[PDB]
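These notes concern the structure reproduced below.
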4 protein chains.
Amino acid sequence: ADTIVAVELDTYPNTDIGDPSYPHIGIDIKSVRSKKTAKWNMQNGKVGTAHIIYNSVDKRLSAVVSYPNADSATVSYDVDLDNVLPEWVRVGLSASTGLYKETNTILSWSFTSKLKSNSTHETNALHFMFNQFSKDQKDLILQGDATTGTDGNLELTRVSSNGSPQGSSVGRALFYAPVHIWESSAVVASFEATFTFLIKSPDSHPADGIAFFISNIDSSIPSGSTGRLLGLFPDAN
Amino acid sequence: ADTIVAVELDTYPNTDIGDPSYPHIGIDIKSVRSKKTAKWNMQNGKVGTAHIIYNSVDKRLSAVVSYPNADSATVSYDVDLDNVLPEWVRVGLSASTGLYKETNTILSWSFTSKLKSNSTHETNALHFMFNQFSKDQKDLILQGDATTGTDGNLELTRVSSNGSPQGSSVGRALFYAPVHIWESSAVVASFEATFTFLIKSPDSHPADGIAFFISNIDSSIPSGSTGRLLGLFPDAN
Amino acid sequence: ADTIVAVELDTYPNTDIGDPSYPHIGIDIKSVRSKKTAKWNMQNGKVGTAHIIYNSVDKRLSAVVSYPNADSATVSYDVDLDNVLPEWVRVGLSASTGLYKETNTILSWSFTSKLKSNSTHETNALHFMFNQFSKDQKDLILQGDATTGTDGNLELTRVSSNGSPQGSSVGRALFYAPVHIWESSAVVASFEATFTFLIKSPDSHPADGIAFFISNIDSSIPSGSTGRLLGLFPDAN
Amino acid sequence: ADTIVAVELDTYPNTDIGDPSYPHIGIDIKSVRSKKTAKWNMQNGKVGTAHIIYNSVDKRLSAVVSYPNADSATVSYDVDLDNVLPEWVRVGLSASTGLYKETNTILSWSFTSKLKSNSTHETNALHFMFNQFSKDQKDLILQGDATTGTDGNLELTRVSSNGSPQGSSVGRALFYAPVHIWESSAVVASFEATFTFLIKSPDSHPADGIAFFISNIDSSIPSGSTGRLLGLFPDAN
Ligand SMILES: [Ca+2]
Ligand SMILES: [Ca+2]
Ligand SMILES: [Ca+2]
Ligand SMILES: [Ca+2]
Ligand SMILES: [Mn+2]
Ligand SMILES: [Mn+2]
Ligand SMILES: [Mn+2]
Ligand SMILES: [Mn+2]
């Protein structure tokens, strides 16, 4: 039902469904089986940063993930989003845990989209930036186990009182306002997203990951999408 | 019921309710009877621009209106918005006509709000800019007679096929996402709004005006607020 | 001597040096003989807009040129600017006329460059926007025949009192501050430039064109670069 | 000679020249004897943040300084900068030490100035943001003992190898490009500056302070302005 385009930070290798045998970043177009992936040297307990960029002229979705003092990981995929997504969409973050677990903490999130028309100086834009989340964040649609306010952070999946991450959890956060990514008179459409995250697990095998995604405006968590499905897909096809 | 703070571009002098005897700009705090006004040399048929600014440190709401090749008009009022408005609000534009009429056309509208916390680099922001409006503008809540899409503009009040403005009309447009204007750990909160408009009337006496406003998130057009009430207030108290 | 990367809006076809037989937009890497070009339906006397974009992840320089009510023209070229340009550069606009002529008027110009480091939230940026130019624009380095202030515009090449464009003219405008386009710890570097222009000629054959360019910081107009050389190259190799 | 407007973070009370008897923030208009001050609970060794704002409509220069987990300090002063400063100016940071000392480390610095003209959509802007400084920062004019690059920070005054601050030191950093703060057709001019700093001293009595300042473009450090004069004034009048 839902149309999903996402950049996944996959912490657990499910080789039975196409994941490489190591943590990786990937670009998912309507399927959890990434169209392209790159090895990611994930660091348990460290704050990392992900940057996602795209523009309608080049038609290439690219993402870069890094941690301080370390080399980055990058992945790119040629795709025309006009042919995949509706004209109006919502953007958000999703995460899940299953048998294995980890905290999926978001410390900041910014997004900027621009539509440049052929009229002189005619440019439409939307920009939001969160460097702190409140208990009652009215401009976010929280789904599943996601909550905001703990230490000013956004916890996508369940975490107990003692800070311990729970398994079989799924949660998403979408920006309240729909986003216009295509318009008939637009000559250039582009967006850039950045978010900082903290994945921590008491185990040697963290799971399952975090994903930045773009979807139809009325998207909701598919049934049974905990674990390897990242709260984004109904199955592994 | 609704809590309204607005900057009015009042084209018709209703001296019976406190308006000066000439077109004017004014700052309205919960009442159509402006707390402060300034003479405005309105130009029928010309595109004008309004700028509104405010910050929590100075606690002064100021507005400047101008037309190309002409001197500007300015008005300021000392007011602490924390004591007037809720923590979360919606921002929008409103306009009305009555016995007398005019077109209340909006050609562009931008808004920027920032909340700077005491945490290092911790800053929250929201920014939107419309330089063109679509027939189906999903990020705007249109109320009353307001419509978008005609020539890429936002028509706040009714206009016939031949471009002729109708009387007894009222319409408003609010940005879809709620806006956070106060937070317990914020050291500075501020906003700036800019919109360009085209007020045109076939008559020597245009009415009633356009207003930029901030209100509780669930605000709706009060009954009988056409004409002198600008689609904002239930009465003239 | 100078290292030049430029996007040319070439109005005169010099087929003897590789130009296609029609006005065109092209990407020039250290040579006036464009690495790639696209047909451009230039409109004499109309205000057009050019958008240039690039990022270090995709390594693709793309440009889009358009006029109101018309289809756009686009050109892209895969090039790693790190391998062509110095770490610090200046950005500017250049134009020329020769035997044939045209006005090379710039009405607005904006530029944004960003360097995102691997440190958390660590981002460096520079942004400038001119929608009007003054007689004494201290933040611009004017070279050759370029002047600012006439009607608030930037005239890159000589125009007489009666508004008539002169031949054999060359002029450039560079932003005063050097721009940092590469840094050892940067994970993503990108820039976007936009400018609106008005090319008008009394003749059926306008020449020679306008170019947005990036160069070493101490770049100056090469001798004899009027005409087909666009004020950028010392010869046609 | 120089014309200086500055916001001082004064760490040492020189009661003989008008300082209150405690660390304080103040607004200086052409004199080290602040026109207005506010008590500042300075924290040795902690990273603080200063925000400075001003606009031509309200004509009020305000500043807010804070540290994480602490209440802020604010100071405001009504002043028309058009009557004090030239049309073109440079903005920068200055610091000094004398008999007493401290490190005057700047970790980030951002600035935004805007000039809104009465022409439709006509807006000029300049924005820069440094979250990291390089050894060779070509867009900064360093004066005196100021250096960049150590740990990616800007050290305004001398610090030895072991990280120990030196006395009798003075240094300033100015952004390379001049800034336009007034224009004949501007209806609103405004600026906002933010910088984060780390003042650390091995002594119970740190000195002398850091100041954000605006000056004539060719400003240089006055002779003998170490110590209480903050590298800004030639004497204490
Ligand atoms: Ca997986
Ligand atoms: Ca009235
Ligand atoms: Ca040519
Ligand atoms: Ca002192
Ligand atoms: Mn995967
Ligand atoms: Mn009124
Ligand atoms: Mn060519
Ligand atoms: Mn003092």
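The analysis underlying the following values was restricted to heavy atoms, covering all of them including side chains, and did not include hydrogens, waters or symmetry mates. All chains are named by letter (A, B, ...) in the order of the sequence lines, taking the proteins before the strands, and each is independently numbered beginning at 1.
Interatomic distance, CZ of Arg158(A) versus NZ of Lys101(A), reported as 16.0 Å (0.5 Å rounding). Taken from CD in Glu183(C) to OG in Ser56(C), the straight-line distance is 12.0 Å, to the nearest 0.5 Å. Distance check: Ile181(B) CD1 to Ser113(B) OG gives 9.0 Å after rounding to the nearest 0.5 Å. Taken from CD1 in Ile199(D) to CD1 in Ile210(D), the straight-line distance is 4.0 Å, to the nearest 0.5 Å. Note that the OH atom of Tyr176(A) and the CZ atom of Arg90(A) stand 7.5 Å from one another [nearest 0.5 Å]. In this structure, the separation between NE2 on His127(B) and CE on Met129(A) is 12.5 Å, given to the nearest 0.5 Å.
Residues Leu156(A) and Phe197(A) form no side-chain contact, since every pair of their non-hydrogen atoms from C-beta on lies 4.5 Å or further apart. Residues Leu126(A) and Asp139(B) are not in side-chain contact: their nearest non-hydrogen atoms beyond the backbone lie 4.5 Å or more apart. Residues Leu154(A) and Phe130(A) fail the side-chain proximity criterion, which asks for heavy atoms closer than 4.5 Å. By the 4.5 Å heavy-atom criterion applied to side chains, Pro165(A) and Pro202(A) are counted as neighbours. Proximity of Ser190(D) to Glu192(B): side-chain heavy atoms (C-beta onward) are nowhere separated by under 4.5 Å. Inter-residue side-chain proximity for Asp58(C) and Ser76(A) is flagged as met; some heavy-atom pair is nearer than 4.5 Å. Looking only at side-chain heavy atoms (C-beta outward), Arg172(A) and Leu232(A) come within less than 4.5 Å of each other.
Under the 3.5 Å distance criterion, the side-chain polar atoms of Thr3(A) are left unmatched by any main-chain donor or acceptor of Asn216(A). For the pair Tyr67(A) (side chain) and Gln43(A) (backbone), a donor-acceptor distance under 3.5 Å is present. Between the side chain of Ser96(A) and the backbone N or O of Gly227(A), at least one donor-acceptor pair lies under 3.5 Å. Checked by atom type and distance alone, the side chain of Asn118(C) pairs as donor or acceptor with a backbone atom of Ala70(A) at under 3.5 Å. Panel note: side chain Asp203(A), backbone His205(A); no donor-acceptor pair is recorded below 3.5 Å. Between the side chain of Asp2(A) and the backbone N or O of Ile4(A) there is no donor-acceptor pair closer than 3.5 Å. Of the possible polar contacts, one joining the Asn55(C) side chain to the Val57(C) backbone as a donor-acceptor pair under 3.5 Å is found. A donor-acceptor contact shorter than 3.5 Å is absent between the side chain of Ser169(A) and the backbone of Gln166(A). One N or O on the side chain of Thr103(D) and one on the backbone of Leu198(D) form a donor-acceptor pair closer than 3.5 Å. Of the possible polar contacts, none joining the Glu102(A) side chain to the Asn44(A) backbone as a donor-acceptor pair under 3.5 Å is found.
Atom CG of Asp218(B) is surrounded by more than 12 heavy atoms from other residues, nucleotides or ligands within 6.0 Å. Dense packing is recorded around CG of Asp16(A), with more than 12 heavy atoms of other residues, nucleotides or ligands lying under 6.0 Å away.
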Checking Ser21(A) against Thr15(A) for the side-chain hydrogen bond (donor to acceptor under 3.5 Å, both in side chains) test, could you report, in this order, the C-alpha distance in whole Å, the side-chain angles of both residues, the deciding distance, and whether it holds? CA-CA 6 Å; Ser21(A) 54; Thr15(A) 62; over 6 Å; no
Check step by step if side chain to side chain contact (heavy atoms under 4.5 Å, CB included) holds for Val75(A) and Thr37(A). CA-CA 6 Å; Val75(A) 67; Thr37(A) 66; 5.6 Å; no
Could you go step by step and tell me if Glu122(C) and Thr49(A) meet the side chain to side chain contact (heavy atoms under 4.5 Å, CB included) rule? CA-CA 10 Å; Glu122(C) 205 283 63; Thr49(A) 302; over 6 Å; no
Can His121(B) and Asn131(A) be said to form a side chain to side chain contact (heavy atoms under 4.5 Å, CB included), step by step? CA-CA 8 Å; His121(B) 293 286; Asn131(A) 273 114; over 6 Å; no
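The shortest non-hydrogen separation linking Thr97(A) to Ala207(A) is CG2-O, 3.6 Å. Nearest heavy atoms, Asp28(A) versus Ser34(A): OD1-OG, 2.5 Å. Nearest approach of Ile106(A) to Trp109(A), heavy atoms of both residues: CG2-CB, 4.5 Å. Taking each heavy atom of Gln132(A) and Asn124(B) in turn, the nearest pair found is O-ND2, 3.1 Å. In terms of heavy atoms, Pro68(D) sits closest to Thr120(B) at CG-OG1, 3.9 Å. Counting all heavy atoms, side chain and backbone alike, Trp182(A) lies closest to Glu87(A) at O-CG, 3.0 Å.
Under the 4.0 Å criterion applied to side-chain N and carboxylate O atoms, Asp208(A) and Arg228(A) are not assigned as salt-bridge partners.
Ring centroids of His24(A) and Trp40(A) are separated by 6.0 Å or more, keeping the two rings apart. Separation of the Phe175(A) and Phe128(A) ring centroids falls under the 6.0 Å cut-off.
Checked against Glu155(A) for a side chain to side chain donor-acceptor pair (under 3.5 Å), the options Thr105(A), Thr150(A), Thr148(A), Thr147(A) give a single hit: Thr105(A).
Using the six-membered ring where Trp is involved, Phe212(A) and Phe195(A) have ring planes that are parallel, under 30° apart on the 30 and 60° scheme. Relative orientation of the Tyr54(A) and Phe191(A) rings is parallel, given thresholds of 30° and 60° on the angle between their planes.
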